[PDB]
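Inspection log for the structure reproduced underneath, given as structure tokens.
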Amino acid sequence: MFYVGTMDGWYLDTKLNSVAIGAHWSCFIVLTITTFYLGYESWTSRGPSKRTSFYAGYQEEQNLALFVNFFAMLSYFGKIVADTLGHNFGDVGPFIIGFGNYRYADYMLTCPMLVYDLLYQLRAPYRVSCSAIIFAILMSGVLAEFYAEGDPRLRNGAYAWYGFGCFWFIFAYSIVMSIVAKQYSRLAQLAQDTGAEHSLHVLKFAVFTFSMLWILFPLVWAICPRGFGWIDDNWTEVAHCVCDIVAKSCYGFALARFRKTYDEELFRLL
Amino acid sequence: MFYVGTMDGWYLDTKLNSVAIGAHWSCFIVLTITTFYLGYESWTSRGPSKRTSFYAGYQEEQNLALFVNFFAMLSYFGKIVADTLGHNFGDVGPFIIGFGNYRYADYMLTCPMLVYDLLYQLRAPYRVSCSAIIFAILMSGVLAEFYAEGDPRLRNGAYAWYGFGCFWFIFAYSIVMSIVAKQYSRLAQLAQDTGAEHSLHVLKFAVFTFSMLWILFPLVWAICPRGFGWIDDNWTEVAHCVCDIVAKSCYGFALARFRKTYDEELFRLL
Amino acid sequence: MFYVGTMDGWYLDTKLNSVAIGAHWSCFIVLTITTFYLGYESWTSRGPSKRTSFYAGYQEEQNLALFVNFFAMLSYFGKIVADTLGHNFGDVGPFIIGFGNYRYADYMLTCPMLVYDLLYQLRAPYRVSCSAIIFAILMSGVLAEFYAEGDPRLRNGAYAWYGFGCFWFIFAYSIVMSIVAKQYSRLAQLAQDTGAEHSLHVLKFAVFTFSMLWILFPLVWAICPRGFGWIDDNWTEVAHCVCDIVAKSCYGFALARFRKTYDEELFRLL
Ligand SMILES: CC(C)CCC[C@@H](C)[C@H]1CC[C@H]2[C@@H]3CC=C4C[C@@H](O)CC[C@]4(C)[C@H]3CC[C@]12C
Ligand SMILES: CC(C)CCC[C@@H](C)[C@H]1CC[C@H]2[C@@H]3CC=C4C[C@@H](O)CC[C@]4(C)[C@H]3CC[C@]12C
Ligand SMILES: CC(C)CCC[C@@H](C)[C@H]1CC[C@H]2[C@@H]3CC=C4C[C@@H](O)CC[C@]4(C)[C@H]3CC[C@]12C
Ligand SMILES: CC(C)CCC[C@@H](C)[C@H]1CC[C@H]2[C@@H]3CC=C4C[C@@H](O)CC[C@]4(C)[C@H]3CC[C@]12C
Ligand SMILES: CC(C)CCC[C@@H](C)[C@H]1CC[C@H]2[C@@H]3CC=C4C[C@@H](O)CC[C@]4(C)[C@H]3CC[C@]12C
Ligand SMILES: CC(C)CCC[C@@H](C)[C@H]1CC[C@H]2[C@@H]3CC=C4C[C@@H](O)CC[C@]4(C)[C@H]3CC[C@]12C
Ligand SMILES: *C/C=C(C)/C=C/C=C(C)/C=C/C1=C(C)CCCC1(C)C
Ligand SMILES: *C/C=C(C)/C=C/C=C(C)/C=C/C1=C(C)CCCC1(C)C
Ligand SMILES: *C/C=C(C)/C=C/C=C(C)/C=C/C1=C(C)CCCC1(C)C
Ligand SMILES: CCCCCCCCCCCCCCCC(=O)O
Ligand SMILES: CCCCCCCCCCCCCCCC(=O)O
Ligand SMILES: CCCCCCCCCCCCCCCC(=O)O
Ligand SMILES: CCCCCCCCCCCCCCCC(=O)O
Ligand SMILES: CCCCCCCCCCCCCCCC(=O)O
Ligand SMILES: CCCCCCCCCCCCCCCC(=O)O
């Protein structure tokens with residue numbers, strides 16, 4: 001009778017329309033392109049010096065954007081296999097971290113890597129600590145799905161867990177931004193008028209812009225059928241596809257361009 | 001008919017009484033307090049020198065006690081949401097590492113971090129190796145729950161897995177204590193009568209005391225309905241709450257006090 | 001009606017014969033022996049210098065073969081407990097990473113460690129990156145099991161996921177071998193005729209031989225009931241036991257012998 005968390009739910013027909021299926025295809029294609037591009041950048045990178053063969057091979061923190069895009073691509077491969085077979089893939093079948101049959105179970109793998117990577121660009125403190133908190137926020141979102149989709153007697157568990165996640169998200173942000181802020185401040189005074197100043201401006205704004213676009217995820221939760229229900233389940237899939245293209249692919253391309261142009265300029269100051 | 005491992009089990013009414021629910025509330029409050037306290041110590045720590053701003057931010061091994069308390073707090077948040085909704089949370093619903101709807105599934109995340117942290121205080125060898133073995137012991141305990149709570153035809157699987165876990169636990173201990181012993185021995189001769197001797201005495205006894213209190217977990221298993229059944233399921237929840245307050249919170253406060261008083265005294269010798 | 005992914009499947013009688021049960025016993029005994037042997041080598045190792053007490057304790061990358069054998073031993077302990085109780089253990093019960101009730105769910109823990117260890121022997125670049133890709137390939141194999149064993153309407157999902165895994169496996173190999181190749185090339189010119197040359201020859205061939213034996217896993221998939229069905233489920237269990245003895249135990253013994261004889265000879269060049 002309740003399908004969430006079961007194999008019975010997995011064998012049902014897909015509830016998704018052409019709009020949601022099209023969004024999954026679009027997201028998979030963009031993530032696959034980004035993965036091959038970031039793979040090429042990883043192979044050919046010689047570092048800021050431009051004299052170290054397989055630089056990204058020895059400094060493997062450089063491959064974090066590649067692995068974010070690669071794991072997101074694997075998750076969307078699963079969504080398009082399920083869509084083309086025409087079976088239900090929403091919060092049914094086996095619970096596997098890094099796989100997106102459970103909403104936010106894919107992000108539990110990729111988001112901690114993405115926050116680590118963002119903070120690593122500014123050599124910011126609390127990188128592992130912010131990855132751990134993001135892991136717990138995404139766990140909160142997974143548990144809110146089980147309550148939201150289960151027996152309506154337990155529905156208020158979804159708000160308890162959303163609230164917990166939002167609490168720690170606001171906390172994490174209000175500490176993260178106060179690190180990104182101090183890291184730019186340190187380097188800004190250090191940079192003086194050297195020309196590294198302009199690249200350092202760009203790095204702070206890019207890292208801040210991509211950080212702040214993460215607020216779209218709890219906002220989509222609030223407007224979708226989990227909260228107010230102003231958008232349906234099909235448009236929620238479209239909202240997540242767009243947010244994933246921005247958070248992972250556009251981030252991946254933006255960072256890859258920064259490393260192409262401004263890496264050495266800041267490698268002396270960072 | 002058998003509920004362990006199923007969503008059907010999750011929708012049943014809670015089997016817990018007021019004593020077990022009160023123990024969960026008490027444990028959640030203490031873990032939340034410890035988390036905020038250890039968060040404050042992490043933010044304000046300047047290291048043993050007292051001259052490094054955001055020391056714990058760059059030396060993130062210092063945040064391990066914080067993350068143990070934070071993940072235990074998340075697990076107990078889940079128990080009190082389930083208690084207040086009034087649904088069954090004992091070995092039912094989705095299997096998620098770091099979440100305590102399966103007994104020992106929460107500990108699979110926090111215990112390896114806690115053993116790493118203990119051995120890191122003495123700069124002991126085999127820190128990752130001891131974290132790996134503790135992970136396997138807690139896996140053993142998870143698998144013993146599935147056999148203990150399932151079809152009684154398979155009940156003897158619970159003893160096979162408890163035995164496996166106990167075997168490797170005795171092994172791990174009988175090697176760990178022989179490291180803690182040699183690490184104190186090395187530093188004891190090195191310390192001479194310098195005043196660092198007294199702090200080093202305290203560190204060995206504290207690390208040994210907290211290590212030895214981990215024997216309470218397999219002893220609670222033996223006395224609870226899994227073994228002899230001298231205590232019921234409600235008193236087992238109380239026993240785990242008390243053991244968690246000692247193993248995580250009291251450990252967290254004890255370590256934080258050691259770092260406040262004796263960090264620099266031993267940072268020259270460690 | 002479909003048992004894959006369910007607790008109902010776990011309570012069924014074993015489908016395995018004496019040949020498959022004997023293979024599980026044989027594999028468990030060999031992995032346990034290898035674990036105790038590699039444990040002894042870890043304890044007594046003094047490094048290439050032969051002057052560092054608990055060398056493997058401080059350089060914990062040396063314990064990777066030990067932890068591969070230890071986790072494989074835990075997985076086979078589970079198979080023999082299930083065989084002796086006489087219950088079904090094939091892709092039923094709880095999904096737990098590092099546990100082999102789901103085919104390839106045990107390997108998701110051990111294979112990334114094993115590829116890290118192989119590449120670490122040659123100080124090869126892309127070690128974490130190759131561990132991440134192997135993790136995704138083994139995830140692909142897990143998802144192909146759910147489709148292969150479920151509702152036959154969704155059977156073609158098994159080929160989609162096998163294809164995805166094979167694609168990234170060929171990719172990973174065709175990049176890995178081009179690293180092992182360049183790492184041997186670098187050291188070969190560096191070694192000249194010093195006597196380190198002969199040991200370096202042995203290391204390249206051993207690492208290449210063990211790397212290439214990993215092709216047996218997707219080949220067994222193709223010949224077993226997942227693909228052409230030339231062998232039955234019982235002989236598939238035997239094929240995996242033999243492949244595990246070679247990939248983990250024989251690897252473990254071969255590496256341990258290399259470190260006994262040729263460690264110092266190459267520690268100056270590596
Ligand atoms: C989406 C499916 C069909 C996979 C196709 C991936 C395509 C788009 C990938 C694979 C190889 C890639 C190319 C690899 C190398 C280079 C050289 C350099 O100048 C950067 C871009 C460029 C030219 C890449 C563009 C994207 C690319 C063409
Ligand atoms: C990047 C673009 C160009 C290529 C698309 C790649 C993937 C997503 C495509 C290519 C071929 C596809 C498969 C083609 C055939 C079948 C059989 C059908 O009964 C179920 C769907 C299934 C199993 C498809 C799933 C999706 C699939 C694996
Ligand atoms: C349990 C629920 C209600 C959450 C409440 C957490 C409370 C207990 C936390 C939040 C902020 C914390 C304080 C933060 C900072 C300091 C300064 C220093 O002198 C150590 C203790 C002290 C004074 C902390 C004591 C505990 C504290 C008051
Ligand atoms: C630390 C102390 C002071 C604060 C306690 C925090 C948490 C555990 C409390 C505060 C408010 C609580 C919620 C209040 C309202 C409801 C609706 C009810 O139908 C189910 C329980 C549920 C969902 C509660 C779960 C537990 C809860 C989230
Ligand atoms: C498979 C079950 C019964 C467990 C038994 C494990 C046995 C085979 C293990 C445990 C202790 C091990 C021994 C430990 C130490 C040494 C000394 C050295 O010269 C290497 C081999 C040798 C002699 C080992 C051989 C294997 C050994 C005997
Ligand atoms: C290495 C060799 C020498 C020792 C073998 C170790 C393990 C695999 C053996 C030793 C004793 C065995 C147990 C003996 C008794 C029972 C009770 C029976 O109703 C179910 C099987 C079960 C639970 C067995 C499972 C496997 C077991 C745990
Ligand atoms: C690649 C995907 C990214 C970067 C996703 C990030 C998602 C979040 C920050 C989600 C956060 C949420 C909360 C703050 C509350 C609980 C619900 C979530 C999971 C949507
Ligand atoms: C914060 C919680 C802690 C430190 C818990 C530690 C738990 C253990 C060491 C449990 C060990 C067990 C065995 C030795 C055998 C199997 C049963 C267990 C899991 C209770
Ligand atoms: C100890 C076990 C080892 C080293 C196992 C390795 C297994 C693989 C490389 C398996 C690979 C597969 C694919 C290439 C495609 C999908 C099916 C798999 C999982 C068999
Ligand atoms: C340390 C944790 C801090 C507290 C964070 C969680 C607090 C928010 C709980 C929200 C519960 C909302 C329940 C709504 C009930 C209703 O619909 O009437
Ligand atoms: C932390 C980022 C910002 C998140 C903004 C949260 C705004 C509150 C959303 C609550 C939605 C759940 C309650 C809706 C219930 C209903 O009216 O049906
Ligand atoms: C390397 C592994 C070492 C062995 C560790 C496990 C051995 C203990 C097995 C205990 C089985 C107890 C079964 C009791 C059967 C009964 O009740 O009659
Ligand atoms: C390794 C730490 C010490 C653990 C102490 C173990 C003591 C044996 C407990 C076995 C309990 C299981 C058998 C009870 C069966 C019964 O009598 O009903
Ligand atoms: C980036 C991903 C690359 C593509 C890798 C997967 C492509 C192989 C898909 C195989 C599908 C085979 C379906 C067979 C259908 C049938 O039986 O008729
Ligand atoms: C990447 C390593 C090599 C793998 C070799 C793959 C060979 C193709 C195997 C496809 C098997 C699945 C299709 C069989 C369908 C059938 O005929 O019943």
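Naming works like this for the structure tokens: A, B, ... for the chains as they're shown, residue 1 at the start of each chain, ligands 1 onward in shown order.
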
Counting only C-alpha atoms and all ligand atoms, give me one row per residue of chain B with an atom at most 6 Å from an atom of ligand 3, showing the shortest contact pair and its distance in Å to one decimal, sorted by chain then residue number, as JSON lines.
```
{"residue": "B:29", "atom": "CA", "partner": "ligand 3", "partner_atom_place_in_ligand_line": "1 (C)", "distance": 4.6}
{"residue": "B:32", "atom": "CA", "partner": "ligand 3", "partner_atom_place_in_ligand_line": "1 (C)", "distance": 5.4}
{"residue": "B:33", "atom": "CA", "partner": "ligand 3", "partner_atom_place_in_ligand_line": "6 (C)", "distance": 4.6}
{"residue": "B:36", "atom": "CA", "partner": "ligand 3", "partner_atom_place_in_ligand_line": "10 (C)", "distance": 5.2}
{"residue": "B:37", "atom": "CA", "partner": "ligand 3", "partner_atom_place_in_ligand_line": "24 (C)", "distance": 5.4}
{"residue": "B:40", "atom": "CA", "partner": "ligand 3", "partner_atom_place_in_ligand_line": "15 (C)", "distance": 5.7}
```

Pull the closest atom pair for each residue of chain C that gets at most 9 Å from chain A, along with the distance in Å to one decimal, counting only C-alpha atoms, ordering rows by chain and then ascending residue number, as a tab-separated table.
```
residue	atom	partner	partner_atom	distance
C:2	CA	A:7	CA	8.6
C:3	CA	A:7	CA	8.8
C:4	CA	A:7	CA	7.9
C:5	CA	A:7	CA	6.5
C:6	CA	A:7	CA	7.1
C:94	CA	A:94	CA	8.9
C:95	CA	A:94	CA	7.1
C:96	CA	A:96	CA	8.6
C:97	CA	A:96	CA	8.5
C:124	CA	A:57	CA	8.2
C:125	CA	A:57	CA	4.3
C:126	CA	A:57	CA	4.3
C:127	CA	A:57	CA	7.5
C:128	CA	A:60	CA	7.0
C:129	CA	A:60	CA	7.2
C:132	CA	A:67	CA	7.6
C:133	CA	A:67	CA	8.6
C:136	CA	A:71	CA	7.6
C:139	CA	A:99	CA	8.7
C:140	CA	A:74	CA	8.6
C:143	CA	A:78	CA	8.7
C:146	CA	A:94	CA	8.5
C:150	CA	A:11	CA	8.4
C:151	CA	A:11	CA	7.0
C:153	CA	A:85	CA	8.0
C:154	CA	A:85	CA	6.2
C:156	CA	A:85	CA	7.8
C:157	CA	A:81	CA	6.3
C:160	CA	A:81	CA	7.1
C:161	CA	A:78	CA	8.2
C:164	CA	A:77	CA	8.6
```

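One distance worth recording is that between atom CA of residue 228 of chain C and atom 3 (C, counted along the ligand's line) of ligand 14, which is 22.3 Å.
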
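Neighbouring residues of ligand 13 at a cut-off of 9 Å, counting only C-alpha atoms and all ligand atoms, are residues 158, 159, 162, 163, 165, 166, 167, 168, 169, 170, 214, 215, 216, 217, 218, 219, 220, 221, 222, 223, 224, 225, 226, 227, 228 and 229 of chain B.
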
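A straight line drawn from atom CA of residue 235 of chain C to atom CA of residue 26 of chain C is 14.2 Å long.
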
At a cut-off of 12 Å, using only C-alpha atoms, what residues contact residue 254 of chain C? Leave out same-chain residues fewer than 2 positions from it and give the result as JSON, numbers by chain.
{"C": [34, 38, 65, 118, 202, 203, 205, 206, 207, 209, 210, 246, 247, 248, 249, 250, 251, 252, 256, 257, 258, 259, 260, 261, 262]}

Report as a list in words all protein, DNA and RNA residues lying within 6 Å of segment 107-117 of chain A, evaluated on only C-alpha atoms, omitting residues in the same chain fewer than 5 positions from it.
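Once the adjacent positions are removed, what remains is residues 68, 98, 127, 131, 134, 135 and 138 of chain A.
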
Kindly give the distance, in Å, that separates atom CA of residue 44 of chain C and atom CA of residue 266 of chain C, rounded to a single decimal.
20.2 Å

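The environment of residue 187 of chain B within 12 Å, counting only C-alpha atoms and disregarding residues fewer than 2 places along the same chain, consists of residues 122, 123, 124, 180, 181, 182, 183, 184, 185, 189, 190, 191, 192, 193, 194, 196, 197, 198, 199, 200, 201, 203, 204, 265, 266, 267, 268, 269 and 270 of chain B.
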
Residue nearest ligand 1 - candidates A:25, A:173, A:89, A:230, atoms counted: only C-alpha atoms and all ligand atoms:
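Residue with the minimum atom-to-atom distance to ligand 1: A:25.
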